[PDB]
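Chain by chain, the residues:
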Amino acid sequence: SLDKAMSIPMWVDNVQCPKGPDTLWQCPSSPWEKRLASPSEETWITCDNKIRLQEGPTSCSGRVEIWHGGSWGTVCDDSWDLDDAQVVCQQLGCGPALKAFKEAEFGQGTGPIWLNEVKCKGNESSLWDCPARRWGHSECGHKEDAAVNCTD
Amino acid sequence: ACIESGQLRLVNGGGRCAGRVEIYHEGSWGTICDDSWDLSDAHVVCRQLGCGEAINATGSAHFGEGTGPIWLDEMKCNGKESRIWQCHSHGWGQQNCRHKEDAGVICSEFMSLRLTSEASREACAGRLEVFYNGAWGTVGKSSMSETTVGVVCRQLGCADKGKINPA
Ligand SMILES: [Ca+2]
Ligand SMILES: [Ca+2]
Ligand SMILES: [Ca+2]
Ligand SMILES: [Ca+2]
Ligand SMILES: [Ca+2]
């Protein structure tokens, strides 16, 4: 737990969820309480990474998969370059990309494809922040899914 | 006494020997997918046109964009076939590619011309260059009619008339 905190009451405790609630408010639990919060009882959760590399013999390398709209998606081969590949492995913390591959030679695609024509200056933080055609509507074939490798 | 079936045209190239590949089937002209395409796959098409051998193969619709429906997809060819029809194909109308990715060839007989004097690759007052088999060369000064000068200017488009410069 991060040391820096604002002393504020713990509203609820002992939250128990069924299978597949849309939101926490569907999970039954104990009644609301305004009790003072001990530092240990506060919860910090770290969701998984937004982007992940799949089907690569090395764990760090593979096809580029992005969690968008609740589902994992890939990136098309259009206008893909080495400088674009710098951003993706900057997220992972891996070393700079040694080479970029295209036309799904690395593996056949999966999931609904989200991004296309990705245009990254090379110093941008995230591909989501990068300017590119968003929210699908890319109609790229799954044989056009992209993949890269980067230094460990 | 038959006009035979199917024709092979090279469009948008500036010459008969270089152009985006278009194949005639039925009453429509269609393009070839760029996937599984290489210079070995381009030897047959350059031979059937009579131009000769291929020096490059272009993909990703760099040469141009084709509007016609794709006739053949995923061609693997030995490179010694008389016509593209003997090369292996997935099947007629098996369009899995798209107009975003298109295939073209550059044969050997395609030629181009330009004048370059200095600090400017295109300048209509300078030495003449010819382009054969991907190489740049000039023509001899000896035995050139003034009419030949005129056609040079007309081809590039500097003026209706030109005069030989000995210097
Ligand atoms: Ca492509
Ligand atoms: Ca780019
Ligand atoms: Ca392709
Ligand atoms: Ca082939
Ligand atoms: Ca295909």
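Residues numbered from 1 in each chain as written, not as in the entry; some residues may be left out. Chains lettered and ligands numbered in written order. Part of a larger assembly, values for the part shown. Heavy atoms only, no water.

Method of determination, as given in the entry header: cryo-EM; reported resolution: 4.00 Å.

As annotated in the PDB entry, chain B carries the name Scavenger receptor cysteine-rich type 1 protein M130 and comes from Homo sapiens. The title attached to this entry in the PDB is "Cryo-EM structure of the CD163/HpSPHb complex".

The name the PDB entry gives chain A is Scavenger receptor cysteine-rich type 1 protein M130, with Homo sapiens as the organism.

J.: Give a detailed account of the pattern of salt bridges, specifying residues and quantitative values.
T.: Residues and elements named next belong to chain B. Under the counting rule described, the total for this entry stands at 12 salt bridges over all chains. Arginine 16 is the partner of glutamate 109 in a salt bridge, and the nearest nitrogen-oxygen pair spans 3.2 Å. Taken together, the residues span a long stretch of sequence, with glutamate 109 in the loop between strand 5 (104-107) and strand 6 (113-116) and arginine 16 in the loop between strand 1 (8-11) and strand 2 (18-25) at a distance of 93 residues. The partner of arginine 20 in a salt bridge is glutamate 22, with the nearest N and O atoms 3.4 Å apart. (Salt bridge = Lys/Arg side-chain N within 4 Å of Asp/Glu carboxyl O. Helix = DSSP H or I, 4+ residues; strand = E, 2+ residues; numbered from the N terminus.)

J.: Mind laying out the interface of chain A and chain B, listing which residues take part and the relevant values?
T.: The partner chain B presents 8 residues to the 8 residues of chain A that form the contact. When chain A packs against chain B, close to 410 Å² is buried across both sides, 19% of that on carbon and sulfur atoms. Contact with chain B buries area across many residues of chain A, yet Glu139, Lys143 and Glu144 of chain A alone supply 68% of it, more than any other trio. The tally of links between chain A and chain B comes to 4 salt bridges. The interface formed by chain A and chain B contains 3 residue pairs in polar contact. (Contact = heavy atoms within 4.5 Å. Buried area = accessible area lost by both parts, 1.4 Å probe. Polar contact = N/O pair within 3.5 Å; in protein donor to acceptor, adjacent residues only side chain to side chain.)

J.: Explain the nonpolar core residue by residue, including any values.
T.: Soluble globular proteins tend to pack their nonpolar side chains together in the buried interior. Residues and elements named next belong to chain B. Counting residues in hydrophobic clusters, the biggest one holds 26 residues, and the most contacted among them are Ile32, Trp37, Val45 and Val105. Broken down by secondary-structure element, the contributors of at least two residues to this core are strand 1, strand 2, helix 1 (39-48) and strand 5. Residue contributions to this core peak at 4 residues, all from helix 1. Ignoring any residue separated from it by four or fewer positions in sequence, one finds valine 45 in contact with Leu8, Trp37, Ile84 and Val105. (Core = buried A, V, L, I, M, F, W, Y, C linked by side-chain atoms within 4.5 Å. Buried < 20%, exposed > 50% of the residue type's maximum accessible area, 1.4 Å probe, protein only.)

J.: For the UniProt feature "disulfide bond" in chain B, give the residues involved together with the corresponding values.
T.: All names here are of chain B. With an S-S distance of 2.0 Å, the disulfide that UniProt assigns to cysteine 33 and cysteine 97 is formed in this structure. Of this pair, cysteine 33 sits in the loop between strand 3 (28-31) and helix 1 while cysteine 97 sits in the loop between strand 4 (54-58) and strand 5, and the two are 64 residues apart along the sequence. Both residues of the pair, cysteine 33 and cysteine 97, count as buried. (Disulfide = S-S within 2.5 Å. UniProt positions renumbered as here; feature names shortened; annotations may be inferred.)

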